[PDB]
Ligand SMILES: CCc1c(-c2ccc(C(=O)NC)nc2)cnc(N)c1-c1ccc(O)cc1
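Presented below, as structure tokens, is a lone chain in the form solved without the named molecule.
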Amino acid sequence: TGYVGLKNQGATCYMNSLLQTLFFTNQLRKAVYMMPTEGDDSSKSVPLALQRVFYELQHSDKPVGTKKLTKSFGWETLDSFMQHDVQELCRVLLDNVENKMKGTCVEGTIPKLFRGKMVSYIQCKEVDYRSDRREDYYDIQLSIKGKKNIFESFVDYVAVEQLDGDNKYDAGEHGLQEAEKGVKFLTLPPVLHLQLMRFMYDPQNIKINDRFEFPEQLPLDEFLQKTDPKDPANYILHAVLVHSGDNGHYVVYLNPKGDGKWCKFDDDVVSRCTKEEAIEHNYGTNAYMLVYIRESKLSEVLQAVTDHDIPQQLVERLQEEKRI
């Protein structure tokens, strides 16, 4: 394969799956490597530790470990990971990093890669008041239950809600009202993170192992409020985060370079796999998170990274950390 795996400290759950997804977002990786953490405390800097993992994943020939990272952002209590969603963890990481890039030549890489804009709206049926609020997003959560595939989930996401009695809308000057709330997409990011809502509550939270489908390629101009002839919103499955069981095991399937050559990443064991094993076979063992990249940004996002693309201070500081 060439590619190298992560150690198990146990209970990390989705952490190892997320870390590889980030590592193989090549334009992220370079920018992480270009952050200025010369004079930072090794043991409680998130950005520093993210560089270690990234650097090791690039070079190490043995299973890489993550012990110091877990330490840096302080999830050590017996429930930390069980009690959170992937989107949460991600946010913890890319947050710290967005903030470390401020000032530098790579400032605002994260928003450039993962951020898009949304339009929430409420419209009154017989009366004239509309409320429009714009919103940035860095990920989106999709409805599964009673949905066959992605396309319905989007259709559902943009479905117009109604506001009848018992749930009538307070318009202030015009009192209670029958109204329609919806959501609509202004723009979709180069790198599209989608979470599948599989963990839901009942007489007591539970996992829905129901069959959900996703394609290799995903056109979203349908859902754009206004399209563009030159950059249309088609997307290429890069990553597929998988859980199996209940109480189980968390694996990720990637095609790092983008070419449709797949690999199963199970902690320390990375092995080549079929496309069927990464897509259909995880329709429902099944997927909870999906990563798509936009065809027009594929080459930039997944730009190649040399061993020279790491700075020297960085490299040296790490070498010495290993020695002792």
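Numbering starts at 1 and follows the sequence shown.
From this point on, the text means the form deposited with the named molecule bound, which you will not see here.
> Here the chain is shown alone; which of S72, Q87, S153, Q177 has a heavy atom within 4.5 Å of the named molecule in the entry with it bound?
For this set of options, the contacting one is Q87.
> So the named molecule isn't shown here. In the entry with it bound, which residue out of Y169, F185, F114, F214 has a non-hydrogen atom within 4.5 Å of it?
Comparing distances to the named molecule in the entry with it bound, the residue within 4.5 Å is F114.
> For the named molecule, considered in the entry with it bound: do all three of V4, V240 and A278 come within 4.5 Å of it, counting heavy atoms only?
Heavy-atom distance to the named molecule in the entry with it bound: none of the three under 4.5 Å.
> At 4.5 Å between heavy atoms, only one of the stretches 230 to 238, 126 to 134, 192 to 200, 214 to 222 reaches the named molecule in the entry with it bound; which one is it?
Stretch 192 to 200 is the one.
> Please run the contact check for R91 against the named molecule in the entry with it bound: heavy atoms, 4.5 angstroms, yes or no?
Yes.
> Using the partner position in the entry with it bound, report whether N99 sits within 4.5 Å of the named molecule, counting heavy atoms only.
Looking in the entry with it bound, residue contacts with the named molecule include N99, since a heavy atom lies within 4.5 Å.
> Does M35 reach the named molecule in the entry with it bound if we count a contact as any heavy atom within 4.5 Å?
It does not: once the named molecule is placed as it appears in the entry with it bound, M35 has no heavy atom within 4.5 Å of it.
> Whether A49 contacts the named molecule in the entry with it bound should be assessed with a 4.5 Å heavy atom distance threshold; does it?
So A49 does not count as contacting the named molecule.
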